[PDB]
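Asker: The following file, coords.cif, comprises mmCIF, C-alpha atoms; chains and numbers go by the auth columns:
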data_entry
loop_
_atom_site.group_PDB
_atom_site.id
_atom_site.type_symbol
_atom_site.label_atom_id
_atom_site.label_comp_id
_atom_site.label_asym_id
_atom_site.label_seq_id
_atom_site.Cartn_x
_atom_site.Cartn_y
_atom_site.Cartn_z
_atom_site.B_iso_or_equiv
_atom_site.auth_seq_id
_atom_site.auth_asym_id
ATOM 1 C CA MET A 1 12.956 -6.280 13.568 0.00 1 A
ATOM 2 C CA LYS A 2 16.462 -5.227 14.593 0.00 2 A
ATOM 3 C CA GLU A 3 17.853 -7.777 12.185 0.00 3 A
ATOM 4 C CA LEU A 4 15.822 -6.285 9.362 0.00 4 A
ATOM 5 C CA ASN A 5 16.928 -2.699 10.082 0.00 5 A
ATOM 6 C CA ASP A 6 20.478 -4.035 10.122 0.00 6 A
ATOM 7 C CA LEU A 7 19.942 -5.803 6.812 0.00 7 A
ATOM 8 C CA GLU A 8 18.832 -2.535 5.261 0.00 8 A
ATOM 9 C CA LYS A 9 22.013 -0.890 6.603 0.00 9 A
ATOM 10 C CA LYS A 10 24.128 -3.826 5.403 0.00 10 A
ATOM 11 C CA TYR A 11 22.787 -3.977 1.872 0.00 11 A
ATOM 12 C CA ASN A 12 22.001 -0.297 1.468 0.00 12 A
ATOM 13 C CA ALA A 13 18.477 -1.250 0.512 0.00 13 A
ATOM 14 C CA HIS A 14 14.864 -0.996 1.465 0.00 14 A
ATOM 15 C CA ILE A 15 12.994 -4.087 2.600 0.00 15 A
ATOM 16 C CA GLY A 16 9.255 -4.655 2.745 0.00 16 A
ATOM 17 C CA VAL A 17 8.117 -7.867 4.540 0.00 17 A
ATOM 18 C CA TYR A 18 4.796 -9.519 5.257 0.00 18 A
ATOM 19 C CA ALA A 19 4.623 -13.048 6.629 0.00 19 A
ATOM 20 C CA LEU A 20 1.468 -14.879 7.777 0.00 20 A
ATOM 21 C CA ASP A 21 1.480 -18.339 9.442 0.00 21 A
ATOM 22 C CA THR A 22 -1.939 -19.458 8.175 0.00 22 A
ATOM 23 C CA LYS A 23 -2.163 -22.036 11.029 0.00 23 A
ATOM 24 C CA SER A 24 -1.907 -19.655 14.028 0.00 24 A
ATOM 25 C CA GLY A 25 -2.598 -16.369 12.260 0.00 25 A
ATOM 26 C CA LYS A 26 0.694 -14.979 13.532 0.00 26 A
ATOM 27 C CA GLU A 27 2.085 -12.109 11.263 0.00 27 A
ATOM 28 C CA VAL A 28 5.601 -10.575 11.024 0.00 28 A
ATOM 29 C CA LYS A 29 5.609 -7.130 9.387 0.00 29 A
ATOM 30 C CA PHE A 30 8.412 -4.739 8.389 0.00 30 A
ATOM 31 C CA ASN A 31 7.597 -1.758 6.124 0.00 31 A
ATOM 32 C CA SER A 32 4.424 -3.751 5.269 0.00 32 A
ATOM 33 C CA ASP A 33 2.430 -0.710 4.198 0.00 33 A
ATOM 34 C CA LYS A 34 5.188 0.674 1.948 0.00 34 A
ATOM 35 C CA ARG A 35 4.550 0.456 -1.841 0.00 35 A
ATOM 36 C CA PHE A 36 6.928 -1.555 -4.031 0.00 36 A
ATOM 37 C CA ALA A 37 6.790 -2.616 -7.720 0.00 37 A
ATOM 38 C CA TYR A 38 5.698 -6.311 -7.667 0.00 38 A
ATOM 39 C CA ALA A 39 7.094 -7.060 -11.134 0.00 39 A
ATOM 40 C CA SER A 40 6.475 -10.578 -12.309 0.00 40 A
ATOM 41 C CA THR A 41 5.452 -11.888 -8.888 0.00 41 A
ATOM 42 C CA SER A 42 2.083 -10.794 -10.348 0.00 42 A
ATOM 43 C CA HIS A 43 2.153 -13.842 -12.626 0.00 43 A
ATOM 44 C CA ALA A 44 1.070 -15.891 -9.519 0.00 44 A
ATOM 45 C CA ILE A 45 -1.969 -13.667 -8.888 0.00 45 A
ATOM 46 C CA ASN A 46 -3.140 -13.719 -12.521 0.00 46 A
ATOM 47 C CA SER A 47 -2.631 -17.485 -12.749 0.00 47 A
ATOM 48 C CA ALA A 48 -4.713 -18.009 -9.577 0.00 48 A
ATOM 49 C CA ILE A 49 -7.589 -15.797 -10.775 0.00 49 A
ATOM 50 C CA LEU A 50 -7.877 -17.725 -14.012 0.00 50 A
ATOM 51 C CA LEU A 51 -7.762 -21.084 -12.135 0.00 51 A
ATOM 52 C CA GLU A 52 -10.777 -19.863 -10.102 0.00 52 A
ATOM 53 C CA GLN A 53 -12.752 -20.007 -13.265 0.00 53 A
ATOM 54 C CA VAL A 54 -11.452 -22.883 -15.257 0.00 54 A
ATOM 55 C CA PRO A 55 -11.763 -26.380 -13.753 0.00 55 A
ATOM 56 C CA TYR A 56 -8.684 -28.501 -13.893 0.00 56 A
ATOM 57 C CA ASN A 57 -10.263 -30.859 -16.404 0.00 57 A
ATOM 58 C CA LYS A 58 -10.885 -27.996 -18.761 0.00 58 A
ATOM 59 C CA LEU A 59 -7.285 -26.717 -18.671 0.00 59 A
ATOM 60 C CA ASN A 60 -6.826 -28.464 -22.016 0.00 60 A
ATOM 61 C CA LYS A 61 -8.839 -25.738 -23.821 0.00 61 A
ATOM 62 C CA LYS A 62 -6.642 -24.004 -26.378 0.00 62 A
ATOM 63 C CA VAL A 63 -6.122 -20.379 -27.311 0.00 63 A
ATOM 64 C CA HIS A 64 -4.636 -19.019 -30.504 0.00 64 A
ATOM 65 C CA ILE A 65 -1.374 -17.141 -30.280 0.00 65 A
ATOM 66 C CA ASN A 66 -0.506 -14.612 -32.926 0.00 66 A
ATOM 67 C CA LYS A 67 2.333 -12.185 -33.642 0.00 67 A
ATOM 68 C CA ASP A 68 0.552 -9.380 -31.911 0.00 68 A
ATOM 69 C CA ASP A 69 0.667 -11.216 -28.589 0.00 69 A
ATOM 70 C CA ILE A 70 4.361 -11.592 -28.328 0.00 70 A
ATOM 71 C CA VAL A 71 6.243 -9.411 -25.910 0.00 71 A
ATOM 72 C CA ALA A 72 9.816 -9.333 -24.735 0.00 72 A
ATOM 73 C CA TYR A 73 11.142 -12.317 -22.802 0.00 73 A
ATOM 74 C CA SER A 74 8.786 -15.102 -23.830 0.00 74 A
ATOM 75 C CA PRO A 75 11.144 -18.093 -23.999 0.00 75 A
ATOM 76 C CA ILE A 76 8.301 -20.556 -24.521 0.00 76 A
ATOM 77 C CA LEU A 77 5.556 -18.629 -26.329 0.00 77 A
ATOM 78 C CA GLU A 78 7.736 -17.108 -29.062 0.00 78 A
ATOM 79 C CA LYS A 79 7.679 -20.607 -30.539 0.00 79 A
ATOM 80 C CA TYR A 80 3.871 -20.522 -30.699 0.00 80 A
ATOM 81 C CA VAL A 81 3.271 -17.699 -33.166 0.00 81 A
ATOM 82 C CA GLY A 82 0.391 -18.759 -35.353 0.00 82 A
ATOM 83 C CA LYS A 83 -0.089 -21.871 -33.225 0.00 83 A
ATOM 84 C CA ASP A 84 -2.509 -22.905 -30.459 0.00 84 A
ATOM 85 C CA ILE A 85 -1.594 -23.516 -26.891 0.00 85 A
ATOM 86 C CA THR A 86 -3.586 -25.045 -24.037 0.00 86 A
ATOM 87 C CA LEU A 87 -4.382 -22.996 -20.898 0.00 87 A
ATOM 88 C CA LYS A 88 -2.342 -25.460 -18.873 0.00 88 A
ATOM 89 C CA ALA A 89 0.815 -24.846 -20.949 0.00 89 A
ATOM 90 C CA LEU A 90 0.233 -21.045 -20.722 0.00 90 A
ATOM 91 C CA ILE A 91 0.127 -21.292 -16.987 0.00 91 A
ATOM 92 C CA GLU A 92 3.217 -23.518 -16.835 0.00 92 A
ATOM 93 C CA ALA A 93 5.131 -21.049 -19.139 0.00 93 A
ATOM 94 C CA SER A 94 4.102 -18.077 -17.091 0.00 94 A
ATOM 95 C CA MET A 95 5.139 -19.573 -13.748 0.00 95 A
ATOM 96 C CA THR A 96 8.101 -21.732 -14.531 0.00 96 A
ATOM 97 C CA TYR A 97 9.758 -19.647 -17.208 0.00 97 A
ATOM 98 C CA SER A 98 8.305 -16.292 -16.209 0.00 98 A
ATOM 99 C CA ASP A 99 7.111 -16.089 -19.812 0.00 99 A
ATOM 100 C CA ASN A 100 5.624 -12.624 -20.382 0.00 100 A
ATOM 101 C CA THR A 101 3.439 -13.404 -23.377 0.00 101 A
ATOM 102 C CA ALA A 102 1.819 -16.270 -21.394 0.00 102 A
ATOM 103 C CA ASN A 103 1.035 -13.948 -18.507 0.00 103 A
ATOM 104 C CA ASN A 104 -0.574 -11.312 -20.757 0.00 104 A
ATOM 105 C CA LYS A 105 -2.664 -13.925 -22.533 0.00 105 A
ATOM 106 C CA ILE A 106 -3.752 -15.174 -19.155 0.00 106 A
ATOM 107 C CA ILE A 107 -4.803 -11.622 -18.232 0.00 107 A
ATOM 108 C CA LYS A 108 -6.755 -11.442 -21.494 0.00 108 A
ATOM 109 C CA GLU A 109 -8.497 -14.766 -20.758 0.00 109 A
ATOM 110 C CA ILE A 110 -9.480 -13.418 -17.383 0.00 110 A
ATOM 111 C CA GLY A 111 -10.969 -10.515 -19.265 0.00 111 A
ATOM 112 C CA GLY A 112 -8.261 -7.833 -19.134 0.00 112 A
ATOM 113 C CA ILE A 113 -6.543 -5.668 -16.457 0.00 113 A
ATOM 114 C CA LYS A 114 -9.937 -4.149 -15.642 0.00 114 A
ATOM 115 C CA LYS A 115 -11.375 -7.562 -14.628 0.00 115 A
ATOM 116 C CA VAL A 116 -8.261 -8.324 -12.573 0.00 116 A
ATOM 117 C CA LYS A 117 -8.641 -5.084 -10.592 0.00 117 A
ATOM 118 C CA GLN A 118 -12.320 -5.932 -10.100 0.00 118 A
ATOM 119 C CA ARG A 119 -11.482 -9.315 -8.521 0.00 119 A
ATOM 120 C CA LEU A 120 -8.861 -7.750 -6.287 0.00 120 A
ATOM 121 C CA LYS A 121 -11.528 -5.408 -4.961 0.00 121 A
ATOM 122 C CA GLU A 122 -13.946 -8.272 -4.390 0.00 122 A
ATOM 123 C CA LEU A 123 -11.139 -9.853 -2.312 0.00 123 A
ATOM 124 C CA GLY A 124 -10.854 -6.617 -0.288 0.00 124 A
ATOM 125 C CA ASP A 125 -7.554 -5.572 -1.857 0.00 125 A
ATOM 126 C CA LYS A 126 -7.794 -1.908 -2.648 0.00 126 A
ATOM 127 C CA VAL A 127 -3.992 -1.431 -2.633 0.00 127 A
ATOM 128 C CA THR A 128 -2.624 -3.690 -5.467 0.00 128 A
ATOM 129 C CA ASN A 129 -2.733 -1.523 -8.575 0.00 129 A
ATOM 130 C CA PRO A 130 -2.283 -3.225 -11.935 0.00 130 A
ATOM 131 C CA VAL A 131 -2.263 -0.718 -14.729 0.00 131 A
ATOM 132 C CA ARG A 132 0.108 -2.107 -17.342 0.00 132 A
ATOM 133 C CA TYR A 133 0.788 -5.455 -19.028 0.00 133 A
ATOM 134 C CA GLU A 134 4.236 -7.034 -19.298 0.00 134 A
ATOM 135 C CA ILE A 135 6.862 -5.751 -19.789 0.00 135 A
ATOM 136 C CA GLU A 136 5.863 -2.118 -19.217 0.00 136 A
ATOM 137 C CA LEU A 137 4.700 -2.915 -15.719 0.00 137 A
ATOM 138 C CA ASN A 138 8.440 -3.199 -14.948 0.00 138 A
ATOM 139 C CA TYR A 139 9.117 0.523 -15.549 0.00 139 A
ATOM 140 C CA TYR A 140 8.775 1.448 -11.971 0.00 140 A
ATOM 141 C CA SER A 141 8.994 4.886 -10.514 0.00 141 A
ATOM 142 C CA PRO A 142 8.958 5.693 -6.780 0.00 142 A
ATOM 143 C CA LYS A 143 6.853 8.677 -7.691 0.00 143 A
ATOM 144 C CA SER A 144 4.141 6.508 -9.291 0.00 144 A
ATOM 145 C CA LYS A 145 1.718 3.835 -7.923 0.00 145 A
ATOM 146 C CA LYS A 146 1.427 2.044 -11.215 0.00 146 A
ATOM 147 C CA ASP A 147 1.843 -1.711 -10.794 0.00 147 A
ATOM 148 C CA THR A 148 2.759 -1.476 -7.160 0.00 148 A
ATOM 149 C CA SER A 149 1.405 -3.053 -4.013 0.00 149 A
ATOM 150 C CA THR A 150 2.433 -3.212 -0.377 0.00 150 A
ATOM 151 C CA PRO A 151 3.835 -6.410 1.239 0.00 151 A
ATOM 152 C CA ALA A 152 0.661 -6.746 3.433 0.00 152 A
ATOM 153 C CA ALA A 153 -1.983 -6.169 0.713 0.00 153 A
ATOM 154 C CA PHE A 154 -0.145 -8.533 -1.688 0.00 154 A
ATOM 155 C CA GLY A 155 0.382 -11.160 1.064 0.00 155 A
ATOM 156 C CA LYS A 156 -3.267 -11.049 2.166 0.00 156 A
ATOM 157 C CA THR A 157 -4.367 -11.418 -1.420 0.00 157 A
ATOM 158 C CA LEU A 158 -2.162 -14.485 -1.992 0.00 158 A
ATOM 159 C CA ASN A 159 -3.588 -15.981 1.195 0.00 159 A
ATOM 160 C CA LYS A 160 -7.185 -15.359 0.100 0.00 160 A
ATOM 161 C CA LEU A 161 -6.622 -16.577 -3.451 0.00 161 A
ATOM 162 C CA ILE A 162 -4.520 -19.613 -2.909 0.00 162 A
ATOM 163 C CA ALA A 163 -4.092 -20.597 0.762 0.00 163 A
ATOM 164 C CA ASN A 164 -7.698 -20.163 1.863 0.00 164 A
ATOM 165 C CA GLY A 165 -9.553 -19.529 -1.405 0.00 165 A
ATOM 166 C CA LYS A 166 -12.009 -21.124 -3.814 0.00 166 A
ATOM 167 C CA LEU A 167 -9.603 -23.064 -6.004 0.00 167 A
ATOM 168 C CA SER A 168 -10.224 -26.801 -6.303 0.00 168 A
ATOM 169 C CA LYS A 169 -7.742 -29.228 -4.850 0.00 169 A
ATOM 170 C CA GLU A 170 -6.363 -30.149 -8.281 0.00 170 A
ATOM 171 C CA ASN A 171 -5.858 -26.553 -9.487 0.00 171 A
ATOM 172 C CA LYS A 172 -4.304 -25.631 -6.182 0.00 172 A
ATOM 173 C CA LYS A 173 -1.920 -28.575 -6.406 0.00 173 A
ATOM 174 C CA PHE A 174 -1.162 -27.763 -10.036 0.00 174 A
ATOM 175 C CA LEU A 175 -0.226 -24.131 -9.280 0.00 175 A
ATOM 176 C CA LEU A 176 1.727 -25.043 -6.164 0.00 176 A
ATOM 177 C CA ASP A 177 3.744 -27.748 -7.873 0.00 177 A
ATOM 178 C CA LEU A 178 4.759 -25.188 -10.548 0.00 178 A
ATOM 179 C CA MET A 179 5.869 -22.937 -7.769 0.00 179 A
ATOM 180 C CA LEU A 180 7.720 -25.693 -5.916 0.00 180 A
ATOM 181 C CA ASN A 181 9.692 -26.781 -8.986 0.00 181 A
ATOM 182 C CA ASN A 182 10.634 -23.380 -10.358 0.00 182 A
ATOM 183 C CA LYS A 183 14.462 -22.965 -10.344 0.00 183 A
ATOM 184 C CA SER A 184 14.537 -19.230 -10.761 0.00 184 A
ATOM 185 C CA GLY A 185 13.869 -18.643 -7.026 0.00 185 A
ATOM 186 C CA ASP A 186 16.763 -20.750 -5.715 0.00 186 A
ATOM 187 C CA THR A 187 18.948 -17.805 -4.713 0.00 187 A
ATOM 188 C CA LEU A 188 16.035 -16.137 -2.947 0.00 188 A
ATOM 189 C CA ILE A 189 13.651 -17.341 -0.183 0.00 189 A
ATOM 190 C CA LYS A 190 14.658 -20.973 -0.817 0.00 190 A
ATOM 191 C CA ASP A 191 18.304 -20.119 -0.137 0.00 191 A
ATOM 192 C CA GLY A 192 17.641 -18.599 3.274 0.00 192 A
ATOM 193 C CA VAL A 193 15.095 -20.972 4.867 0.00 193 A
ATOM 194 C CA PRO A 194 16.098 -24.210 6.685 0.00 194 A
ATOM 195 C CA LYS A 195 16.544 -27.433 4.806 0.00 195 A
ATOM 196 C CA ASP A 196 13.391 -29.012 6.190 0.00 196 A
ATOM 197 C CA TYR A 197 11.227 -26.365 4.518 0.00 197 A
ATOM 198 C CA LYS A 198 9.408 -26.620 1.214 0.00 198 A
ATOM 199 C CA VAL A 199 9.247 -23.328 -0.625 0.00 199 A
ATOM 200 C CA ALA A 200 6.731 -22.713 -3.430 0.00 200 A
ATOM 201 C CA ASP A 201 7.771 -19.298 -4.858 0.00 201 A
ATOM 202 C CA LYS A 202 7.447 -16.823 -7.747 0.00 202 A
ATOM 203 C CA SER A 203 10.318 -14.329 -8.005 0.00 203 A
ATOM 204 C CA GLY A 204 10.297 -10.981 -9.762 0.00 204 A
ATOM 205 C CA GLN A 205 12.653 -8.166 -10.766 0.00 205 A
ATOM 206 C CA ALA A 206 11.589 -4.785 -12.138 0.00 206 A
ATOM 207 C CA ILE A 207 13.787 -2.789 -14.615 0.00 207 A
ATOM 208 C CA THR A 208 14.503 0.039 -12.215 0.00 208 A
ATOM 209 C CA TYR A 209 15.611 0.711 -8.632 0.00 209 A
ATOM 210 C CA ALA A 210 17.034 -2.783 -8.097 0.00 210 A
ATOM 211 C CA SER A 211 13.393 -3.879 -7.533 0.00 211 A
ATOM 212 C CA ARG A 212 13.950 -7.560 -6.579 0.00 212 A
ATOM 213 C CA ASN A 213 11.003 -9.586 -5.065 0.00 213 A
ATOM 214 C CA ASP A 214 10.034 -13.130 -4.060 0.00 214 A
ATOM 215 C CA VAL A 215 6.670 -14.313 -2.816 0.00 215 A
ATOM 216 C CA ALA A 216 6.148 -17.824 -1.492 0.00 216 A
ATOM 217 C CA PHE A 217 4.130 -20.350 0.449 0.00 217 A
ATOM 218 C CA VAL A 218 6.637 -21.876 2.865 0.00 218 A
ATOM 219 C CA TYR A 219 5.881 -25.221 4.589 0.00 219 A
ATOM 220 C CA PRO A 220 7.929 -25.822 7.755 0.00 220 A
ATOM 221 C CA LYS A 221 8.803 -29.418 8.598 0.00 221 A
ATOM 222 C CA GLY A 222 5.689 -30.912 10.167 0.00 222 A
ATOM 223 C CA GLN A 223 3.254 -28.182 9.274 0.00 223 A
ATOM 224 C CA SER A 224 0.965 -28.664 6.370 0.00 224 A
ATOM 225 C CA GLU A 225 -0.468 -25.122 6.498 0.00 225 A
ATOM 226 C CA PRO A 226 1.851 -22.752 4.607 0.00 226 A
ATOM 227 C CA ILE A 227 3.404 -19.583 5.993 0.00 227 A
ATOM 228 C CA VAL A 228 2.665 -16.915 3.292 0.00 228 A
ATOM 229 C CA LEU A 229 5.838 -14.834 2.812 0.00 229 A
ATOM 230 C CA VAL A 230 6.115 -11.701 0.649 0.00 230 A
ATOM 231 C CA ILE A 231 9.597 -9.992 0.445 0.00 231 A
ATOM 232 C CA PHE A 232 9.791 -6.811 -1.750 0.00 232 A
ATOM 233 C CA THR A 233 13.096 -4.889 -1.901 0.00 233 A
ATOM 234 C CA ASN A 234 14.527 -1.917 -3.868 0.00 234 A
ATOM 235 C CA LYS A 235 17.319 0.682 -3.713 0.00 235 A
ATOM 236 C CA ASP A 236 17.574 4.434 -4.003 0.00 236 A
ATOM 237 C CA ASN A 237 19.015 4.788 -7.510 0.00 237 A
ATOM 238 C CA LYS A 238 17.370 3.944 -10.743 0.00 238 A
ATOM 239 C CA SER A 239 20.231 1.909 -12.117 0.00 239 A
ATOM 240 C CA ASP A 240 21.246 0.183 -8.895 0.00 240 A
ATOM 241 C CA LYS A 241 21.741 -3.649 -9.211 0.00 241 A
ATOM 242 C CA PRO A 242 20.076 -5.889 -6.598 0.00 242 A
ATOM 243 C CA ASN A 243 21.884 -8.489 -4.404 0.00 243 A
ATOM 244 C CA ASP A 244 19.796 -11.637 -3.979 0.00 244 A
ATOM 245 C CA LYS A 245 21.600 -12.437 -0.714 0.00 245 A
ATOM 246 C CA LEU A 246 19.474 -9.642 0.670 0.00 246 A
ATOM 247 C CA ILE A 247 16.294 -11.749 0.197 0.00 247 A
ATOM 248 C CA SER A 248 17.963 -14.967 1.292 0.00 248 A
ATOM 249 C CA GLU A 249 19.071 -13.210 4.502 0.00 249 A
ATOM 250 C CA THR A 250 15.660 -11.607 5.035 0.00 250 A
ATOM 251 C CA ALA A 251 13.844 -14.962 4.770 0.00 251 A
ATOM 252 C CA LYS A 252 16.226 -16.461 7.296 0.00 252 A
ATOM 253 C CA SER A 253 15.574 -13.819 9.946 0.00 253 A
ATOM 254 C CA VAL A 254 11.851 -13.862 9.438 0.00 254 A
ATOM 255 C CA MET A 255 11.700 -17.651 9.698 0.00 255 A
ATOM 256 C CA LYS A 256 13.176 -17.373 13.252 0.00 256 A
ATOM 257 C CA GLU A 257 9.848 -15.778 14.227 0.00 257 A
ATOM 258 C CA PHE A 258 7.880 -18.871 13.474 0.00 258 A
#
Would you give me this structure, written as structure tokens?

Answerer:
Amino acid sequence: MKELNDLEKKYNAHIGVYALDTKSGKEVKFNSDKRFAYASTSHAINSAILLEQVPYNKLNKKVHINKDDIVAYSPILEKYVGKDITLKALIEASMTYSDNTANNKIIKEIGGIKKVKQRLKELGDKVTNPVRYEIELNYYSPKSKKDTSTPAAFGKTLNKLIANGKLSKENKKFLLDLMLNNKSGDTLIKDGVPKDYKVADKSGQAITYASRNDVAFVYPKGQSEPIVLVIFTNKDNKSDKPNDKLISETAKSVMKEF
């Protein structure tokens, strides 16, 4: 982890890494028990929990969207005020466009923040701590645990929900294809891993402390089992700007371990 220490020194940043090859069980950890704001990488978790309870063939069920649901940065859902949207389109908006209104509506469908924390506990995750909806969950403070998790607890939860969970084959493919085709993560994990690798990711950026994250299921050439990879990073000052090359370079070093 001498390359990771050096990357912190090089980017003047803090890095939290958890990587699990689900084939061998091999793990690479660096500051894996340190808390970081997960930001919108949480959209992946909420989407998976809902998909555990709605069969693929029923993803056509619609939900009404009204003015009260709209929150900042909802490029798709702002067009749906007073209209109905299917659960499938909500999930696509939330993952592909990081639409915040879609994610909150998904949390509501699941039953609220309370029901999400319940399911995390059932999965054995007592670390991930959702308290707020979007976009307030992005107001991160080092002195608060609100909406934070550690790279290991978040990585183990993604593994249990998606890589080795109870989702059907269709739902799992559906979610993963959204993650594979998302362009917002191109400068992140996808930029650092080799060209033979498929990267299904969900990026995130909080409002404060240059909180820049990327979680992904990486598929090396020849392996069909994904390597779960969670990279959370932040800086020491509230208004610091993040450098994505930090995550691209982190993914590259970590991949050398597999």

Asker: Have a look at CA of residue 185 in chain A and CA of residue 214 in chain A and let me know their distance in Å, one decimal.

Answerer: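 According to the coordinates, CA of residue 185 in chain A and CA of residue 214 in chain A are separated by 7.3 Å.
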
Asker: Enter the distance from CA of residue 173 in chain A to CA of residue 101 in chain A, in Å, rounded to one decimal.

Answerer: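 CA of residue 173 in chain A sits 23.4 Å away from CA of residue 101 in chain A.
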
Asker: So that I can see what lies close to residue 249 in chain A, please list as a PyMOL selection string the residues with an atom at most 9 Å from it, counting all atoms listed in the file and leaving out residues fewer than 2 positions away in the same chain.

Answerer: chain A and resi 7+188-189+191-193+244-247+251-254

Asker: Is there a way to get, as JSON, numbers by chain, all residues within 12 Å of the point (14.0, -6.8, -0.2) in file coordinates, counting all atoms listed in the file?

Answerer: {"A": [4, 5, 7, 8, 10, 11, 12, 13, 14, 15, 16, 17, 18, 30, 31, 32, 34, 36, 37, 38, 151, 188, 189, 203, 204, 205, 209, 210, 211, 212, 213, 214, 215, 229, 230, 231, 232, 233, 234, 235, 242, 243, 244, 245, 246, 247, 248, 249, 250, 251]}

Asker: Evaluate the PyMOL selection byres ((chain A and resi 172) around 12) here and jot the selected residues down as an mmCIF file with C-alpha atoms, in the coordinates of the input.

Answerer:
data_model
loop_
_atom_site.group_PDB
_atom_site.id
_atom_site.type_symbol
_atom_site.label_atom_id
_atom_site.label_comp_id
_atom_site.auth_asym_id
_atom_site.auth_seq_id
_atom_site.Cartn_x
_atom_site.Cartn_y
_atom_site.Cartn_z
ATOM 1 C CA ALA A 44 1.070 -15.891 -9.519
ATOM 2 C CA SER A 47 -2.631 -17.485 -12.749
ATOM 3 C CA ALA A 48 -4.713 -18.009 -9.577
ATOM 4 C CA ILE A 49 -7.589 -15.797 -10.775
ATOM 5 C CA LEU A 50 -7.877 -17.725 -14.012
ATOM 6 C CA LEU A 51 -7.762 -21.084 -12.135
ATOM 7 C CA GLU A 52 -10.777 -19.863 -10.102
ATOM 8 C CA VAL A 54 -11.452 -22.883 -15.257
ATOM 9 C CA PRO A 55 -11.763 -26.380 -13.753
ATOM 10 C CA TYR A 56 -8.684 -28.501 -13.893
ATOM 11 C CA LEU A 161 -6.622 -16.577 -3.451
ATOM 12 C CA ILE A 162 -4.520 -19.613 -2.909
ATOM 13 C CA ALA A 163 -4.092 -20.597 0.762
ATOM 14 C CA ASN A 164 -7.698 -20.163 1.863
ATOM 15 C CA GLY A 165 -9.553 -19.529 -1.405
ATOM 16 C CA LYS A 166 -12.009 -21.124 -3.814
ATOM 17 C CA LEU A 167 -9.603 -23.064 -6.004
ATOM 18 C CA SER A 168 -10.224 -26.801 -6.303
ATOM 19 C CA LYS A 169 -7.742 -29.228 -4.850
ATOM 20 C CA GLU A 170 -6.363 -30.149 -8.281
ATOM 21 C CA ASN A 171 -5.858 -26.553 -9.487
ATOM 22 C CA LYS A 173 -1.920 -28.575 -6.406
ATOM 23 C CA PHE A 174 -1.162 -27.763 -10.036
ATOM 24 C CA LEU A 175 -0.226 -24.131 -9.280
ATOM 25 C CA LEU A 176 1.727 -25.043 -6.164
ATOM 26 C CA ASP A 177 3.744 -27.748 -7.873
ATOM 27 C CA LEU A 178 4.759 -25.188 -10.548
ATOM 28 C CA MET A 179 5.869 -22.937 -7.769
ATOM 29 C CA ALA A 200 6.731 -22.713 -3.430
ATOM 30 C CA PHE A 217 4.130 -20.350 0.449
#

Asker: Report, in Å with one decimal, the straight-line distance from CA of residue 25 in chain A to CA of residue 219 in chain A.

Answerer: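 Separation between CA of residue 25 in chain A and CA of residue 219 in chain A: 14.5 Å.
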
Asker: Under the PyMOL selection byres ((chain A and resi 69) around 10), which residues of this model are included? Write them out as a ChimeraX atom specification.

Answerer: /A:64-68,70-71,77-78,81,100-102,104-105

Asker: Got time to write the residues from that selection, C-alpha atoms, as an mmCIF file, keeping the file's coordinate frame?

Answerer:
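The result, stored in again_9.cif:
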data_model
loop_
_atom_site.group_PDB
_atom_site.id
_atom_site.type_symbol
_atom_site.label_atom_id
_atom_site.label_comp_id
_atom_site.auth_asym_id
_atom_site.auth_seq_id
_atom_site.Cartn_x
_atom_site.Cartn_y
_atom_site.Cartn_z
ATOM 1 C CA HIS A 64 -4.636 -19.019 -30.504
ATOM 2 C CA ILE A 65 -1.374 -17.141 -30.280
ATOM 3 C CA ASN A 66 -0.506 -14.612 -32.926
ATOM 4 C CA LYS A 67 2.333 -12.185 -33.642
ATOM 5 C CA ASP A 68 0.552 -9.380 -31.911
ATOM 6 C CA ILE A 70 4.361 -11.592 -28.328
ATOM 7 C CA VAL A 71 6.243 -9.411 -25.910
ATOM 8 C CA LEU A 77 5.556 -18.629 -26.329
ATOM 9 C CA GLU A 78 7.736 -17.108 -29.062
ATOM 10 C CA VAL A 81 3.271 -17.699 -33.166
ATOM 11 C CA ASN A 100 5.624 -12.624 -20.382
ATOM 12 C CA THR A 101 3.439 -13.404 -23.377
ATOM 13 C CA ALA A 102 1.819 -16.270 -21.394
ATOM 14 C CA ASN A 104 -0.574 -11.312 -20.757
ATOM 15 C CA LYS A 105 -2.664 -13.925 -22.533
#

Asker: Could you tell me which of A:129, A:22, A:6, A:156 comes closest to residue 144 in chain A if we count all atoms listed in the file?

Answerer: A:129

Asker: The PyMOL selection byres ((chain A and resi 116) around 10) - which residues does that actually catch in the file I just gave you? List them as a ChimeraX atom specification.

Answerer: /A:45-46,49-50,107-108,110-115,117-122,129-131

Asker: Give me, as an NGL selection string, all polymer residues having an atom no more than 7 Å from residue 19 in chain A, counting only C-alpha atoms and skipping those fewer than 5 positions away in the same chain.

Answerer: :A and (27-29 or 227-230)

Asker: Check the smallest atom-to-atom distance from each of A:74, A:60, A:223, A:157 to residue 88 in chain A using all atoms listed in the file, then report the winner.

Answerer: A:60

Asker: Could you rebuild range 4-8 of chain A with N, CA and C atoms and give it back as an mmCIF file, in the coordinates of the input?

Answerer:
data_model
loop_
_atom_site.group_PDB
_atom_site.id
_atom_site.type_symbol
_atom_site.label_atom_id
_atom_site.label_comp_id
_atom_site.auth_asym_id
_atom_site.auth_seq_id
_atom_site.Cartn_x
_atom_site.Cartn_y
_atom_site.Cartn_z
ATOM 1 N N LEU A 4 16.283 -6.793 10.641
ATOM 2 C CA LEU A 4 15.822 -6.285 9.362
ATOM 3 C C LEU A 4 16.358 -4.870 9.106
ATOM 4 N N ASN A 5 16.374 -4.045 10.154
ATOM 5 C CA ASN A 5 16.928 -2.699 10.082
ATOM 6 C C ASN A 5 18.397 -2.872 9.723
ATOM 7 N N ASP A 6 19.077 -3.774 10.419
ATOM 8 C CA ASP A 6 20.478 -4.035 10.122
ATOM 9 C C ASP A 6 20.704 -4.531 8.708
ATOM 10 N N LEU A 7 19.760 -5.298 8.162
ATOM 11 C CA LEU A 7 19.942 -5.803 6.812
ATOM 12 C C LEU A 7 19.795 -4.641 5.850
ATOM 13 N N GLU A 8 18.941 -3.681 6.167
ATOM 14 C CA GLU A 8 18.832 -2.535 5.261
ATOM 15 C C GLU A 8 20.177 -1.800 5.266
#
